[PDB]
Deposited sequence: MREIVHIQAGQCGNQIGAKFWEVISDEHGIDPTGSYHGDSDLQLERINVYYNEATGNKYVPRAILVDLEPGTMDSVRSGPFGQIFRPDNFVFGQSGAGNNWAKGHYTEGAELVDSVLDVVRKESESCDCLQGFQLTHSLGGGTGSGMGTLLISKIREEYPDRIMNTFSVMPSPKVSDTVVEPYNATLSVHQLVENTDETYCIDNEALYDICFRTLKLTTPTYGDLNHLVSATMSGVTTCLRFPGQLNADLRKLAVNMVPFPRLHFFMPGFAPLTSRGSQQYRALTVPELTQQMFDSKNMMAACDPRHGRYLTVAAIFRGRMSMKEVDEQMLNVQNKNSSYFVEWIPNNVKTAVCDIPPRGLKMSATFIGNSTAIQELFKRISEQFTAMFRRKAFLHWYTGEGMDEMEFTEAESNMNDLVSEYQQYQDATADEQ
């Protein structure tokens, strides 16, 4: 449980994946040329979780960049930290996915998938002890969605005993790129239920609502949304990257956060929300609906488990006080049949620009609201068979569509069943 292999697929996957490497490199003190220039040895203690050891005091991200379209690769390459990645970890096709899950999963995705697995297999052997994989991608498009879930399925067949973790961006009509997002997303949620161990649900609907309502951004752009994503991704990986009491790793996160295998979709949260505070506020704001990166009201359900990380110099006594206080005051939003289901961790290093931050991983039954919203948009199109011919033309049967949505509605019912369970 040392190294994580990171994968980014498709346009969205590679944009937020690049923003992520940008952010944690600044945290661990790595410049775009791969040299270390930081001021603390806390930064280098577990840096091999994400960075490979190159000869010449150079740190290279253990990242694999994937796309069926070559344009995103060039954009990443010319980006700020473009030169830090291993140039032979770029695996790109030529003819795109056409916003079509069926093309990413079956046709165009299959022709490129073995080139990707070769680079995955090479980084896996340079690992003293492979902890697992983290994948960034969107579900609404074609490459990250269809080819990303194909990657997940093939990686699980070759590494059945490694953890699979995904950052999955959910589509919203408020920030759409294609008219077939409800199909692409539903077909991928089906895959994620079966083949991942942990999935952070990054809801574009919530990222937009946060930028418009809280950050007073009248016209949110992807740059504004990705600022929230990079902050969230830094927060939810802090315990993997910096030393602490929990010796946290991806398998331990799954053991304590996933009481039932299908219910592994997390509600991320972050405080303070910033456009491009005190401990009692950090504790409260973190359980606030306005800080959830999934468009769900946690007060509409119950928390099964909650993992929370506080960053910066502060009284862990005062923090532990407030966390217990909130739990007692909002007792009806936590299941009673799981003793001590809210865990606190602390890290002395604050994120860039901030002096105190708090990041929230919640397993809440309210996440069914995210999946009900996708299910309604799916049924609205699928009942008229709108655009279905672009998927049947790739070889898919209609059954795969109905099966995927039945599985997603079962997940909804399953979350509901444990919302109503009592002691």
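Wait, which stretches of the deposited chain are just not there in the structure?
No C-alpha for residues 277-283, 431-433.
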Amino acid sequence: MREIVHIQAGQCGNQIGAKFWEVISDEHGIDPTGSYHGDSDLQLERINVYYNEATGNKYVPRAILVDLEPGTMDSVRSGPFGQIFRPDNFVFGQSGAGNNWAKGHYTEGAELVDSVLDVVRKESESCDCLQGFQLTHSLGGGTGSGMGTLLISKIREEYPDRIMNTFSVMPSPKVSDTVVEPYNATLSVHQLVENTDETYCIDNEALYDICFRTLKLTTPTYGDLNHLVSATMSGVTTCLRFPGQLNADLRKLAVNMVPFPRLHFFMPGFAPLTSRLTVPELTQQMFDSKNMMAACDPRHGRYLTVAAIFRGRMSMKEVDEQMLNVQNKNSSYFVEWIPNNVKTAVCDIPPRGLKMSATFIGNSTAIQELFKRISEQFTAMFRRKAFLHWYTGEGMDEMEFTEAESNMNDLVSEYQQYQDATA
From here on, numbers count along this sequence of modelled residues.
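On average, which has the higher Cα B-factor in the deposited entry, 356-364 or 369-377?
In the deposited entry, the stretch with the higher C-alpha B-factor mean is 356-364.
Tell me which stretch, 46-54 or 385-393, has the higher mean Cα B-factor listed in the entry.
Per the deposited B-factors, the answer is 46-54.
From the list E157, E205, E198, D348, select the residue with the highest C-alpha B factor recorded in the entry.
Highest C-alpha B-factor among the listed residues goes to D348.
Would you mind checking which of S138, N341, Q83, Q191 has the top Cα temperature factor in the PDB entry?
Among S138, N341, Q83, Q191, the PDB entry lists the largest C-alpha B-factor for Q83.
Which third of the chain holds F133 when residues are ordered by C-alpha B factor: lowest, middle or highest?
Its C-alpha B-factor, which the entry lists for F133, ranks in the lowest third among residues of this chain.
When the modelled residues of the chain are sorted by Cα temperature factor, does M399 land in the lowest, middle or highest third?
CA B-factor rank for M399: highest third.
Hey, what third does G98 fall into on Cα B-factor, ranked over its chain?
It falls in the middle third of the chain.
Just say lowest, middle or highest third for the CA B-factor of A307 relative to the other modelled residues in its chain.
Tercile = lowest for this residue's CA B-factor.
When the deposited Cα B-factors of this chain's modelled residues are ordered and cut into thirds, is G235 in the lowest, the middle or the highest one?
Answer is middle: the recorded C-alpha B-factor places it there.
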